[PDB]
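Next up: just one chain, as structure tokens, the form deposited without this ligand.
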């Protein structure tokens, strides 16, 4: 039950306009052969060009929307659209390219897919709203066969070159002309009513329809992300490490302990309303504050309404401070400590999402509602600072003397930062800059002032 059986039925009603007379009874085995490919009875790791809904979710980083529109069927040009926004015109002789024969179009496709996916996934999953021409055009730039490894490394092969008769992954595909062993999935097979635009526009207002192939490719992938990461959520699926996931997660927990501990020392809140992950633990377990938890799973569609979270416990969320660490609400109260992911940040962990949101894949997949500046009108941006009440003692690196107005320590209060707190300062600054560059923003109540922390050294 792992892979999609090649004898599974395939609904061809969406194909009968480009391909009139197509059989109603159709399997993937008869469809792959129809597309011009031969499986030759194979058990070499490539059982089907099409993958399941579950298998596609585990390879979401490889999703590339793909659509082909008749520009004017072997006798007419074809407009190739990809969710990267690229439009290629192939002739049988937001960016748009002029018409060119297939032998040079396939070279651009290998280059475009490789630069997109080399730091993301080991494969490519062509997300389709299939109507005919996109399946029949793959024979001009897709070659299938047994699973192979790269000729320059041990990654699996994703490209093939007719010049050298060799194979390569996304990293070493310069000069290659064919996509080797790709995967694909037809969203239209999931049982929708209506066309692509009517179904996409039910949940997203950001992607329009300029009647170009790439617009449909973007809407197709967007509709797929909504069905797999907005309407349905699966937090049990783990995703491989492809970047600084571990340092970013560790930096977020390092900053959270620093910020919440300092806010409790500076303002002496009697109560703390920790609103967010239902499995959360005290990030400052040594604090005197009364810690009250409120369960709320990460929202994947729209940001929570602060009215429905609070108003319907201590119930007096105006007492003490409220902690919204990656708990996206529409408008945070004035007595809040907030960590909110910026969906606009470009990174290999953050994928384009639905209706302004993004899909942040770090160990797990979190579809995050679109970043809204108006949510922080009652708060201010949290400035960088480093606080430490630990003993100014170095145990165990080369020391350039540290001078910083944001090093809240006894040694800095005394006019000279010690080597221990200087190491921890520069380590915390690296973690802070790691967290901010990853896309997380920090916000705090306007009364927060690091000048109140100097007095805890008395």
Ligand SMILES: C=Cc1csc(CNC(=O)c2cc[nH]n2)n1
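Residue numbers count along the first chain shown, from 1.
Just so you know, the form deposited with this ligand bound exists too; it's not on screen, but the next bit is about it.
For this chain, the superposed copy of this ligand, brought over from its placement in the deposited bound form, has 3 or more atoms within 2.4 Å of the backbone and C-beta atoms, so the pocket is blocked.
The partner is absent here; in the deposited bound form, the one residue of 388, 199, 79, 188 having a heavy atom within 4.5 Å of this ligand is 79. Proximity of residue 152 to this ligand in the deposited bound form: non-hydrogen atoms within 4.5 Å are absent; the residue sits far from the partner. In the deposited bound form, this ligand sits beyond 4.5 Å of every heavy atom of residue 373. For the chain shown alone, residue 168 is not a contact residue for this ligand in the deposited bound form, no non-hydrogen atom being within 4.5 angstroms. Looking at residue 159, you'd find every heavy atom of it more than 4.5 angstroms from this ligand in the deposited bound form. In this stretch, 172-201, not one residue has a heavy atom within 4.5 Å of this ligand in the deposited bound form; the partner itself is omitted from this view.
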